[PDB]
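Sequences listed follow chains L and H, in order.
Count the first sequence with the authors' numbering and you get residues 1 to 212, in order.
Count the second sequence with the authors' numbering and you get residues 1 to 224, in order.
By construction, the Cβ of each residue, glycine as well, lies at the ideal position given by its N, Cα and C atoms.
See structure below.
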Amino acid sequence: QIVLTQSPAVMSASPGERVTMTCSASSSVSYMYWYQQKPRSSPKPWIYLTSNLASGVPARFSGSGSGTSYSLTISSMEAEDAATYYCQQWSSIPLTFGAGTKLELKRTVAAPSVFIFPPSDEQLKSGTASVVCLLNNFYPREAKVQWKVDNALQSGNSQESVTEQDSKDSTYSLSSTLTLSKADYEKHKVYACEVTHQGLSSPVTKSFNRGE
Amino acid sequence: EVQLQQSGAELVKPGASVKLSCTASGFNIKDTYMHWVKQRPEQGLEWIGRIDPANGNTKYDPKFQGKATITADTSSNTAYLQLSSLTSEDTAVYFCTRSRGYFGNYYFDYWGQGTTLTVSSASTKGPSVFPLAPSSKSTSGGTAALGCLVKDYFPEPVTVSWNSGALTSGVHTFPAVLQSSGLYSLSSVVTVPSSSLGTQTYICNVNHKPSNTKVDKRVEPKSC
Ligand SMILES: [Cl-]
Ligand SMILES: [Cl-]
Ligand SMILES: [Cl-]
Ligand SMILES: [Cl-]
Ligand SMILES: [Cl-]
């Protein structure tokens, strides 16, 4: 089976920049093919027979290569080009795809805005208390959230997730949920999430006191 | 116009079998090759195999021999993928896609919308929906964040809209997280003008189709 190795796995570019990514085959192939895929949707044909653009693909895209080395280029990046690009070969069975190059949007550092939400009274009636910490519109993606209850760090009782890059402003947002029993929630006073991010000169803590 | 219409989401216990289907319109599948492609959560595309509906000839990636069986019926213009003795490794999105071979320059030129398969014996479970109320702790620059916590459901997905789709700007609906209980939770937040809190109603509309759960939750300000 012909292994297709795509480099880089992940890269980031500003609108207007030239972008090239490569696809290397373990043995020679006649033509290379490419597909674009965005989150939660089907892949789209993008380039076929190495250099022919599929219908609807704008002229800033091109494809090149021969033998074992192929590449896809964007002459001048647009925000809408942020996506994963897969190469694929038809010269040998089984058909194989590369593992993808994820093209992300580069922008300037942006510090998160940090907000905290106590559990609802509704949820408290049910015996559980979820506290939510929101980090809105930051860049780059890496961010550290630390939950403290009466100033004691919390380990192993939270879950967090991060949106896809926002295509309007190229930032990320992050939501973290601390989940305690109602018993443990009612036995402590101060609930705080502490955020570390490269956009902040020192960590930011948002907190509230239960019942106030 | 060419369309590939795939069958709906499947939740199936491990060890059982499942049949996915892809109904073509705007062309005859006998003139094409009908392929299936697998994409596991957060992973790349994997080719499973294909059938030539003109003669029934199939080819499979050896990885999927015995797991996958591909058939096609030309009278209904439908291709099928049957998977046997399901495991958690079969949980994935399955795409059907066509190729026209040599005379159509080979590439996968049309793709179905995908079918999600979740392999689990668990019952479906609808979410609880709790407000994330706006307050002085969620305000910045004359705006206020509020939201809904959509907790403890199975399987994916839920959809969240705000004010029945009239509110779309400044919404962030976060990816679901898997909890240690084995159930999912997600939050959806929206940032709005602080001035609007006393004068604009905000409702999150939550749908969990697997359990037939629809919840509308009005999110009200909290004066701490
Ligand atoms: Cl799609
Ligand atoms: Cl269906
Ligand atoms: Cl899995
Ligand atoms: Cl059920
Ligand atoms: Cl979901």
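Helix, strand or coil for residue 107/H, going by three-state DSSP, please let me know. Counting from 1 along the second sequence, the entry for residue 107/H is found at position 107. Coil, per DSSP.
Taking the C-alpha atoms as reference points, what is the distance between residue 182/L and residue 211/L? Start at 1 with the first residue of the first sequence, and residue 182/L comes out as number 182. Start at 1 with the first residue of the first sequence, and residue 211/L comes out as number 211. Residue 182/L and residue 211/L: Cα-Cα distance of roughly 13 Å.
8 Å contact criterion, which residue 220/H and residue 184/H should meet: CB distance rounded: For the purposes of this step, residue 220/H is taken as residue 220 along the second sequence, with counting starting at 1. For the purposes of this step, residue 184/H is taken as residue 184 along the second sequence, with counting starting at 1. Not confirmed; about 26 Å, so no contact.
Does any residue of chain L bring its CB to less than 7 Å from the CB of residue 47/H? The count along the second sequence starts at 1 and reaches residue 47/H at position 47. Yes, residue 47/H counts as interfacial toward chain L.
Listed by chain order, chain L residues near residue 88/H by CB distance under 8 Å: For the purposes of this step, residue 88/H is identified with residue 88 of the second sequence, where counting begins at 1. Near residue 88/H there are no residues of chain L at all, since even the closest Cβ is about 20 Å away, more than 8 Å.
Quick check: what's the CA-CA separation for residue 92/H versus residue 7/H? Residue numbering aside, residue 92/H sits at position 92 when the second sequence is read from its first letter. Residue numbering aside, residue 7/H sits at position 7 when the second sequence is read from its first letter. C-alpha separation (whole angstroms): 14 Å.
Would you please verify whether the beta carbon of residue 138/L is less than 7 Å from any beta carbon of chain H? For this step, residue 138/L is matched to residue 138 along the first sequence. No - not a single Cβ of chain H is within 7 Å of the one on residue 138/L.
With distance defined between alpha-carbon atoms, name the residue in 99/H, 115/H and 186/H nearest to residue 158/L. Position 158 of the first sequence, counted from the first residue, corresponds to residue 158/L. Out of 99/H, 115/H and 186/H, 186/H has the C-alpha closest to the C-alpha of residue 158/L.
On the criterion of 16 or more Cβ atoms from any shown chain inside 10 Å, does residue 50/H qualify as buried, or is it exposed? Sequence index remark: in the second sequence, residue 50/H carries index 50 (1-based). Counting Cβ neighbours within 10 Å, residue 50/H comes out buried, since at least 16 surround it.
Assigned secondary structure, residue 195/H (DSSP; H/G/I helix, E/B strand, else coil): In the second sequence, counting from the first residue as 1, residue 195/H sits at position 195. Correct three-state label for residue 195/H: helix.
What are the boundary residues of the alpha helix (DSSP H) that includes residue 183/L? Your numbering for residue 183/L matches position 183 in the first sequence. Residue 183/L -> alpha helix (DSSP H) spans 182-186.
Taking all protein chains shown into account, decide if residue 95/H is buried (16 or more other Cβ within 10 angstroms of its Cβ) or exposed. In the second sequence, the residue the question calls residue 95/H occupies position 95. Classification for residue 95/H: buried.
Provide the residue(s) that pair with residue 203/H in DSSP beta bridges, ordered along the chain. The residue labelled residue 203/H in the question sits at position 203 within the second sequence. Answer is 218/H.
Where residue 124/L falls: helix, strand or coil (DSSP): Within the first sequence, the letter at position 124 stands for residue 124/L. Three-state DSSP puts residue 124/L in a helix.
Alpha carbon to alpha carbon, how far is residue 137/H from residue 147/L? For the purposes of this step, residue 137/H is identified with residue 137 of the second sequence, where counting begins at 1. For the purposes of this step, residue 147/L is identified with residue 147 of the first sequence, where counting begins at 1. Going by the C-alpha atoms only, they are around 16 Å apart.
Minimum Cβ-Cβ distance from residue 154/L to chain H less than 7 Å: Here residue 154/L refers to the residue found at position 154 of the first sequence. No, because no Cβ of chain H sits closer than 7 Å to the Cβ of residue 154/L.
Counted within 10 angstroms of its Cβ, other Cβ atoms place residue 6/L as buried (16 or more) or exposed: Here residue 6/L is taken as the residue at index 6 of the first sequence, counted from 1. So residue 6/L counts as buried.
Under 7 Å between beta-carbons, which chain H residues line up against residue 45/L? List them in chain order, please. For the purposes of this step, residue 45/L is taken as the residue at position 45 of the first sequence. Simply 107, 108 and 109.
Determine whether the Cβ of residue 99/L lies closer than 7 Å to any Cβ atom of chain H. For the purposes of this step, residue 99/L is taken as residue 99 along the first sequence, with counting starting at 1. Closer than 7 Å to some Cβ of chain H, the Cβ of residue 99/L qualifies, so yes.
Could you check whether the stretch 135-144 of chain L touches the stretch 161-175 of chain L, counting it as contact only if at least three pairs of C-beta atoms, one from each stretch, sit closer than 8 Å? yes
Endpoints, beta strand (DSSP E) assigned at residue 98/H: Locating residue 98/H in the second sequence gives position 98, where the first residue counts as 1. Residues 92-99.
Going along chain L in order, which residues have a C-beta closer than 7 Å to the C-beta of residue 132/H? Within the second sequence, residue 132/H is the residue found at index 132, counting from 1. Residues of chain L passing the Cβ test: 117 and 132.
Could you tell me whether any non-hydrogen atom of ligand 5 is closer than 6 Å to the CB of residue 156/H? Walking along the second sequence from the start, residue 156/H turns up at place 156. Under cutoff, so the answer is yes.
Which term fits residue 69/L, buried or exposed, when burial requires 16 or more other beta carbons within 10 angstroms of its beta carbon? As a working mapping, residue 69/L is identified with position 69 in the first sequence. Label assigned to residue 69/L: exposed.
Using a Cβ-Cβ cut-off of 7 Å, state whether residue 90/L counts as contacting chain H. Mapped onto the first sequence, residue 90/L falls at position 90. It does: the Cβ of residue 90/L has a partner Cβ on chain H nearer than 7 Å.
Taking only heavy atoms of ligand 5 into account, decide whether any of them is closer than 6 Å to the Cβ of residue 176/H. Indexing the second sequence from 1 puts residue 176/H at position 176. Answer for residue 176/H: yes, Cβ within range of ligand 5.
What do you reckon, are the CB atoms on residue 63/L and residue 47/L nearer than 7 Å? Position 63 of the first sequence holds residue 63/L. Position 47 of the first sequence holds residue 47/L. Yes, these two residues count as a Cβ contact at 7 Å.
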